[PDB]
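1. sharing the initial chains of the complex here, in place:
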Amino acid sequence: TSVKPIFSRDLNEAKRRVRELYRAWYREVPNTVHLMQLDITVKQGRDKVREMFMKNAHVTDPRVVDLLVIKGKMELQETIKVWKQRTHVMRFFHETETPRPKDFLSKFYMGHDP
Amino acid sequence: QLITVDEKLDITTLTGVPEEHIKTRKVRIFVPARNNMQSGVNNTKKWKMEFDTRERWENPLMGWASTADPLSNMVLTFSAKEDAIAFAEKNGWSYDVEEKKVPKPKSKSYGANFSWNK
Amino acid sequence: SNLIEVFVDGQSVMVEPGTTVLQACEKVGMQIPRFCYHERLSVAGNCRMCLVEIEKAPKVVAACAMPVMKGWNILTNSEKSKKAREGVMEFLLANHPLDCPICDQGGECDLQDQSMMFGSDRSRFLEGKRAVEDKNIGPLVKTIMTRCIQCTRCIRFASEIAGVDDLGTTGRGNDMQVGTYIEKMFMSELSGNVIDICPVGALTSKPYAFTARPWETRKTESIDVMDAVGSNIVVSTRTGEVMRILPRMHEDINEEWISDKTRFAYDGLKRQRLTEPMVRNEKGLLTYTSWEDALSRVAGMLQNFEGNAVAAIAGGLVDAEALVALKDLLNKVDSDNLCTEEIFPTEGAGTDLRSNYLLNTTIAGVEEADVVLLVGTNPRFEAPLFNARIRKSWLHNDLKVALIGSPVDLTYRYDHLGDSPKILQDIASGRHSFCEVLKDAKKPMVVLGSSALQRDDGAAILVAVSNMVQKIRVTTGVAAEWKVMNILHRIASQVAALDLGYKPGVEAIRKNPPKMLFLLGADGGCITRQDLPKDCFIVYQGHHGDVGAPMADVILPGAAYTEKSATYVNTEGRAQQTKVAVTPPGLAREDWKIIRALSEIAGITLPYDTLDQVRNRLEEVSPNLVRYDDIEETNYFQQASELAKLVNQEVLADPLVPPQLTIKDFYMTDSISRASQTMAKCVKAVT
Amino acid sequence: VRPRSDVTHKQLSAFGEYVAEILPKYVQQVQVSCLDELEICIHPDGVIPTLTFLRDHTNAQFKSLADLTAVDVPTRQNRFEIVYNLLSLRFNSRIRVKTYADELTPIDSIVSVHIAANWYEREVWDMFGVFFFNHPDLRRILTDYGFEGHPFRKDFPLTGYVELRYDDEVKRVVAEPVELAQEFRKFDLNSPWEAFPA
Amino acid sequence: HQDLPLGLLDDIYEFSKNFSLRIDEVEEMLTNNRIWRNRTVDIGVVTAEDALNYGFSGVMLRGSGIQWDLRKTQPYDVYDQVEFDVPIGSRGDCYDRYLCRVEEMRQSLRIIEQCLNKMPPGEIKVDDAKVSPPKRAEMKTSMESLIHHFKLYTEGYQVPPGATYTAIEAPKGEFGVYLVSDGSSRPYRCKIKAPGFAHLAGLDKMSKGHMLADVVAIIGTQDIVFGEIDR
């Protein structure tokens, strides 16, 4: 315990920042899908944003959250100030890779080490 | 002023590891033994934690070994058992520590070999 | 008290009187460069590469052989003690043949490194070198002895750790060659250890001659499954196939040594190995097919057959995790006919108290014993690293060994009470002579081998021994934590199987024949297809096609202990974990999953889906399985005897004889062993 | 055997004491290697203060920042060891000030003290993940635009987790989990025998 | 690694003898052309204190008049026994920096001359077999040498634990390696300070109030090779 605060004194204040970033991404998804001529649906993309913002829903510690948005903000900057081209963005969608089943029987049938 | 958190530093969310290799990878914290070939003990000093071994299929074109597991060759070295356990907890990898086993003291004396009755 | 204070470079370490100068440096942490000194071998002083300089003393002293004295300062790194090493290393290297790119102890050399660290950078030996004729000491150890630094650790081990007393020094001068005077092979178990103990690469392993080089070898620490001592071992794997298995030290179980079987039968692990799941075709031959098809062949028969029509004869090297996955499956179709090939008498308390079937005096308790009553087993060939235990405790301590079996080569002086199971009654009556010898023993131990139990009167033999242990305990008045009765096994999956409540012996399957049989790694002839019902629908679950495969309607290949994170337990119940050194070959899969998957294809689906879960399962059925490296202290011998007293059986006059009478008996036993080309070469060498 | 002048090991040693005395609130340890190099060690809070004193003190002018780096000792609670190497063109001497930073306990930025650090601090964030407060524009410099994970951390696999190939179906470059055709052979090289007391 | 072949120093003399005319020739073709001067003079001026603050440390440091050469200030190797003049420029425009680079080529011919004139007879690698590998004949006739060759090639020097930042005047500027070393034969960290990571940072400040074309000159006058910057 006894940790020093990075930018947010408590999960509460930190959550404020997450809200802002969500908004940012939400407002940006449409633009990217147009400035990058990505073949995705704005709605679809906006769900992806939600996915990511929740993939890390479990974090309880304020410090971890604060870094997470710093990093998140940095990603947005790379996508609104466009330095990240389609190949970079579409990677988020994991479009080419073949999905792996998580069913035990499925894995048994395919991989030595699951 | 400092803030209070009872949450075990877990930073699995910042490390940047693919989900599959954080929830399916068991690492073992062990002090390396000595290949019996040599009698030196300088490689049995520091604790090491090593990730579980994974597929090593033969390559069809040249017959070279091929591996799909990124964390295979990685063995991190930690000076003390407590510190290594900490690394597993904050990185979220499962751990199964093995106690160091050091040679027990053995009593030796050249005189014995010339014992009246051994 | 008894704590001198000696200074190692002024560190005031304190050591028991008797500690050598080398030992004093060790506790500070310094390591005297040493050759010819091994911790578990007698001090010889041959190399003199350990010369150190006690302060204010005219000459340098021999570390490994000098009793430390009060006040001495070791000056291990003194300019002098470096000339005393810069000048010895000059000599060892002078007559040495520089074939380091032949010497497969390339990176495993305690003489290059001790030369690269403690010796000089050049040479002044402008004279000629020597050469010593090589020797065909055996089919396992390649003695390119022109390499030998005459350090006499072999002659010690071959006399002190193993009782061979064959290797010896021959001649004097610079042509002292340490090889057998007449060419007689060094045939003994414990033989391969010489390789590991010769720091020079003079004699090294012949199978692992030139397959690798040590820096490359990835080293995974695992457990010996060939024998029930459960010796710790390190499996050295390169690019995914095992290259060598060499010992790793466990004070209590194998203290730096491993058997000849469990280090040259890694070759057997690579052939005759099952990989794809074949099924019996209409034509009547096993045809390779995908899991889905092979599994539902088995699942469909399983759903059709009810309890007591499905049975499992497990046995040999199967892990505890598969053993609980096979029991949980067959109970979900209500047959508890799960059984093991090795029959442990189960008419009184068997499998219920966990001391009827364990060597509960620890492997390290053979060191503090007083009289051992070996009854009906050849330890030399059933538990080689426990025979060594009684070897060390008969030499360094004073164990009085007595054998009631065949008079057999035991590497020590035993007393052959006789070859008759009924003379056990003779001692119980106090009639036989050794009855007093034990009376005189303050800490005695009986050891009943599993192979004596495998005869028909095994139930009677266990009961007869328990009676004698009872009055031995009463007459000696031995303390409770000292435990006289223990029984040693020779099958790795026997203590685990009995632990999970598997009932020993195929006697139950014999009385009612199952329509279905899961042979989980069983290559024994305990039941045969002629014996089975007409349907004879049995499915082999194992790694090597030996006896169970060609008489199998389904083949579900599994793995071996080099290829799975399974658990095993040796004879005094110390559970231990094998780690995956190499991924399992072909479509072959881990034993526990095949059975979890077959269950999902059957509709009773075992609750565990990840190893950690199969383990949690082991915890509910049994304690040892989850706590590793931890022998279980308390036992309930007194209630065991009460039930033994209720049991009435006749010990037949037929002498009790260990199946492994001589060493050719020993080399090929289990599946991996049988499949060994190295073991086969060893077998013909003996024959 | 290299020639060693003790003039320096004395000069530098003295300076070390001088710095320590002047900045006792932050200097924890000040050592001179056997290689005649000083290495004041400061509490992370002393980043701004200790540097500034060295950049602007008549008796210790350390105008240029040679380098900012972060070794990662995983065992150490504070994983990273930010090391700042500075040069004094006036006194022809270099000093190194090294602090400790854990993964989520950021260090102050010295872009104010030396603008050279604007880039190196971005380099330390990208590779090791330490964060620098008050940095003008902290953002990945060396790694790919979408890279996930900090690469020079000792806990990051060399080959990494993603590799790129061109896929026709999608007519665009596409990451896939790394599949290597000859894994890095991990030769074990440490010898079981030590060399000297050190 | 190996001794100079027996004809190299004569051939280096013949190259150095005639090389200066070759510098003289581009000297005439690109040093007074009004077109070069206009393209290079008064472009990317960097003030002296700003150059030290941005960690420029190179011809960029010397071009604005700061007098710093790690070859004379902190003499590494033998740079204490060779005589040369650091070509300090005065004003800092990309011309003064060019002129400095042309002078250093000339000053290096002065240092190369001294090295050919005064190269000592001797061995090319330290005689400690523990650090430098044993000679081919010795490893094939003496056991101590084969053991030392085998261990050095297979395992390594095993340098004593410590850390050092060593800077030499690489042509671009100060090139330094911060090598942190555990007692192991393989390093623990090796931070390559690249004269170039600092210089490229300066591009935004140096290329201020400048055209698209000036930026092409600004990168050119930093002598930036992206291998050093990217590492």
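-> It's in. Residues are numbered from 1 along each chain as shown, chains lettered A, B, ... in the order given.
2. what strand or helix carries the residue most central in space within chain B?
-> Among the residues of chain B, residue B:49 comes closest to the average C-alpha position under CA atoms, centre = their mean, at 2.6 Å. Residue B:49 belongs to strand B:47-51 when assigned by DSSP states H and E.
3. sheet-wise, list the partners of that strand with their directions.
-> Take DSSP bridges as the rule and strand B:47-51 pairs in its sheet with strand B:26-30 (antiparallel), strand B:75-78 (antiparallel).
4. one step back: state the distance from the residue nearest to the centre of chain B to chain C.
-> Taking CB to the nearest CB, to the nearest Å as the criterion, residue B:49 is separated from chain C by 13 Å. Every residue, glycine included, has its C-beta placed from N, CA and C.
5. where's that residue relative to residue D:102, distance?
-> Counting by CB to CB, to the nearest Å, the separation of residue B:49 from residue D:102 is 19 Å.
6. now do residue C:555
-> Residue C:555 sits 55 Å away from residue D:102 when distances are taken as CB to CB.
7. show me where chain E has its helices.
-> For chain E, helices defined by DSSP state H occupy the ranges E:8-30, E:34-40, E:48-53, E:59-63, E:94-117, E:136-139, E:143-154, E:197-206, E:212-220, E:226-230.
8. ok so, going back, the strands paired with strand B:47-51 into CSV, with extra columns for distance to residue E:45?
-> Listed next are the strands paired with strand B:47-51 as CSV, based on distance: least, CB to CB, whole Å:
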stretch, distance to residue E:45
strand B:26-30, 56
strand B:75-78, 50
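9. the ones you listed into JSON lines, with extra columns for distance to residue C:478 and mean neighbour count?
-> Output for the strands paired with strand B:47-51, formatted as JSON lines (distance: least, CB to CB, whole Å; neighbours: other CB atoms under 10 Å in any protein chain shown):
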{"stretch": "strand B:26-30", "distance to residue C:478": "38", "mean neighbour count": "19"}
{"stretch": "strand B:75-78", "distance to residue C:478": "45", "mean neighbour count": "18"}
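10. put chain F on too:
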Amino acid sequence: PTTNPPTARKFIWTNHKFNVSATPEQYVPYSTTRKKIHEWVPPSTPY
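-> One more chain to add, chain F, which I have set with the ones above:
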């Protein structure tokens, strides 16, 4: 080579070849190591 002819060692080629890459004579890489895990072949005799 005419003045000081080279050393002949009764294995060295007499017809040396140019780049055979586009022509069928080209190296096609192959593992030269033999099989490692021999398998249990099923009994061909019906039980």
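11. if we can go back for a sec, render the CA-only coordinates of the strand holding residue B:49 in PDB, please.
-> Once non-C-alpha atoms are left out, strand B:47-51 reads as follows in PDB (Å, rounded to 0.1, in the frame of the first residue of the first chain):
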ATOM      1  CA  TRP B  47      17.000 -18.200  -8.400                       C
ATOM      2  CA  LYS B  48      15.500 -18.300 -12.000                       C
ATOM      3  CA  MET B  49      11.900 -18.400 -13.000                       C
ATOM      4  CA  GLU B  50      11.300 -20.200 -16.400                       C
ATOM      5  CA  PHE B  51       8.000 -20.300 -18.400                       C
END
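12. returning to what we had before: so what's the residue nearest to the centre of chain B bridging to?
-> residue B:29, residue B:76.
13. residues contacting it?
-> Residue B:49 makes contacts with B:27, B:28, B:29, B:30, B:75, B:76, B:78, B:84, B:87, B:88, B:95, as judged by CB atoms under 8 Å, 6 or more residues apart in numbering or on different chains.
14. one more time with 6 Å, if that's ok
-> Residues near residue B:49 by CB atoms under 6 Å, 6 or more residues apart in numbering or on different chains: B:27, B:29, B:76, B:84.
15. quick check: the second one touching residue B:86?
-> Translated: residue B:29. No: at 10.5 Å, residue B:29 does not count as touching residue B:86 under the criterion of CB atoms under 6 Å.
16. chain B contacts on chain A?
-> A:1-5, A:9, A:56, A:59-61, A:67, A:112-113 (CB under 6 Å from any CB of the partner chain).
17. mind redoing it with 10 Å?
-> By the criterion of CB under 10 Å from any CB of the partner chain, the positions of chain A lying close to chain B are A:1-6, A:8-11, A:55-56, A:58-65, A:67-68, A:71, A:100, A:102, A:111-114.
18. now the sequence for chain G, which goes on the structure above:
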Amino acid sequence: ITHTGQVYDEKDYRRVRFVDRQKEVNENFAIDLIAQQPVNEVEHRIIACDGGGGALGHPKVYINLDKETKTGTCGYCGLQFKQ
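-> Below is chain G, added to the chains above:
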């Protein structure tokens, strides 16, 4: 075929690699080429095989030709010598 009996099975598909191409092998096989060289009949118990050419050869080693039955063979050249 090759030095080590490396012959792709009649059903292996790496044989497709050799389709329309030459599987590179060398007619000159060492196992045989060393045999041709005759046993050197030295007259000293221990002789040395420097490898031929000294520094241009292999590490120097001394062979004990004492065993009357067999002949010493340099672990390097394979050259055999008998007393």
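19. in light of the added chain G, please revisit the contacts of residue B:49.
-> For residue B:49, the residues meeting the contact criterion (CB atoms under 10 Å, 6 or more residues apart in numbering or on different chains) are B:27-30, B:74-78, B:81, B:83-85, B:87-88, B:91, B:93, B:95-97, D:74.
20. for residue C:38, same thing?
-> B:39, C:44, C:64, C:151, C:153, C:156, C:157, C:160, C:161, C:197, C:199, C:256.
21. which helices and strands sit right next to the helix or strand following the strand holding residue B:49?
-> Once the chain leaves strand B:47-51, the next helix or strand it forms, by DSSP H and E, is strand B:56-58. Strand B:56-58 is packed against strand B:65-67, with contacts defined by 3 or more CB pairs under 10 Å, 6 or more residues apart in numbering or on different chains; DSSP states H and E.
22. ok, longest helix in chain G?
-> Counting residues, the longest helix in chain G under DSSP H turns out to be helix G:30-36.
23. what's it in contact with?
-> Counting by CB under 10 Å, 6+ apart, helix G:30-36 makes contact with F:10, F:11, G:3, G:4, G:73, G:77, G:78, G:79, G:80, all of which sit outside it.
24. secondary structure class of the second one, three-state.
-> The one in question is residue F:11. Using DSSP: H, G, I helix; E, B strand; the rest coil as the criterion, the local structure at residue F:11 reads coil.
25. contact partners for it?
-> Going by CB under 10 Å, 6+ apart, the list of residues near residue F:11 reads G:26, G:27, G:28, G:30, G:33.
26. the residue nearest to residue C:666 when sequence neighbours are not counted and residue C:682, how far apart?
-> Nearest non-adjacent residue to residue C:666, counting by CB to CB, 6 or more residues apart in numbering or on different chains: residue C:381, 4.0 Å away. With distances defined as CB to CB, the gap from residue C:381 to residue C:682 amounts to 13 Å.
27. overlap of the contact sets of these two?
-> When contacts are counted by CB under 10 Å, 6+ apart, the set common to residue C:381 and residue C:682 consists of C:261, C:663, C:664, C:666, C:667.
28. among these, name the ones in helices.
-> Assigned to helices by DSSP H, the following of the shared contacts of residue C:381 and residue C:682 qualify: C:261, C:663, C:664, C:666, C:667.
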